Amino acid sequence: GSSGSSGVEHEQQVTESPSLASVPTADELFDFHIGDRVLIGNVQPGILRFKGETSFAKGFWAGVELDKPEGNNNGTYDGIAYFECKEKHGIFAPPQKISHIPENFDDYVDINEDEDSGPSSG
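Residues numbered from 1 in each chain as written, not as in the entry; some residues may be left out. Heavy atoms only, no water.

Per the deposited record, determination of this structure is attributed to solution NMR.

Here is the structure:
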């Protein structure tokens, strides 16, 4: 122990601290940002709503929002809210299955629109 201080001594002797002062810098979806289109497994198109470590499972989990009802989640995984979407549109897929949708893959885009208000008089 630190034998040579005295005066000011706190109460910190817990027997559990895997990481507190130093935390390993580990990232996978650093290039991907929230609010962008992504292709799950290069087949299932959608939008990146979430991306990071979850509670139900370990590892990076990106909550892509499929334009069509193909997913099996609504943003909330076992109660844990991550993003907003239909009942079965949002799907959590690993980072490895996260790629940018080809520019030639959007004949018509006009979905996702819940936030709509007009407080002020425009």
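Student: Looking at this structure, I do not really get the pairing of strand β1 (residues 36–40). What am I missing?
Tutor: The two faces of the sheet receive side chains in turn, since in a regular strand these alternate between them. Two elements, β1 and strand β2 (residues 44–53), share five bridges in a ladder whose sense is antiparallel. Considered in β2, the bridge of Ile-40 is made with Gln-44. In this structure, the hairpin formed by β1 and β2 is closed by a connection of three residues, where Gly-41 is found at a positive phi of approximately 65 degrees. (Pairing = 2+ DSSP bridges. Helix = DSSP H or I, 4+ residues; strand = E, 2+ residues; numbered from the N terminus.)

Student: Sorry, what's going on with the environment of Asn-42 here?
Tutor: By the element assignment, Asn-42 lies in the loop between β1 and β2. Overall, the relative accessible area of 54% leaves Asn-42 in the exposed class. Note: C-alpha distance between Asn-42 and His-100 (58 residues apart in sequence) is 8.6 Å. (Buried < 20%, exposed > 50% of the residue type's maximum accessible area, 1.4 Å probe, protein only.)

Student: Where do I start with the sheet that holds β2 in this structure?
Tutor: Strands sit in the order β6-β3-β2-β1-β7 across an open sheet of five strands; the sheet is antiparallel. Only two strands of the sheet have a single partner each, and these edge strands are β6 (90–93) and β7 (98–99).

Student: Just checking my understanding: could you explain the nonpolar core for this structure?
Tutor: Counting twelve residues, the largest nonpolar core consists of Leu-29, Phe-32, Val-38, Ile-40, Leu-48, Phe-60, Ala-62, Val-64, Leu-66, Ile-91, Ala-93 and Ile-98. Those elements giving two or more residues to this core turn out to be β1, β3 (60–66) and β6. Setting aside anything within four residues of it in sequence, one finds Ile-98 in contact with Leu-29, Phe-32, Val-38, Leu-39, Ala-62, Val-64 and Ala-93. (Core = buried A, V, L, I, M, F, W, Y, C linked by side-chain atoms within 4.5 Å. Contact = heavy atoms within 4.5 Å.)

Student: What exactly am I supposed to notice about the UniProt feature "domain: CAP-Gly" in the protein here?
Tutor: In this structure's numbering, the residues bearing the UniProt feature "domain: CAP-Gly" are residues 52–94. Here residues 52–94 is 0% helix and 40% strand, with 9 Å between the C-alpha atoms at its ends. (UniProt positions renumbered as here; feature names shortened; annotations may be inferred.)

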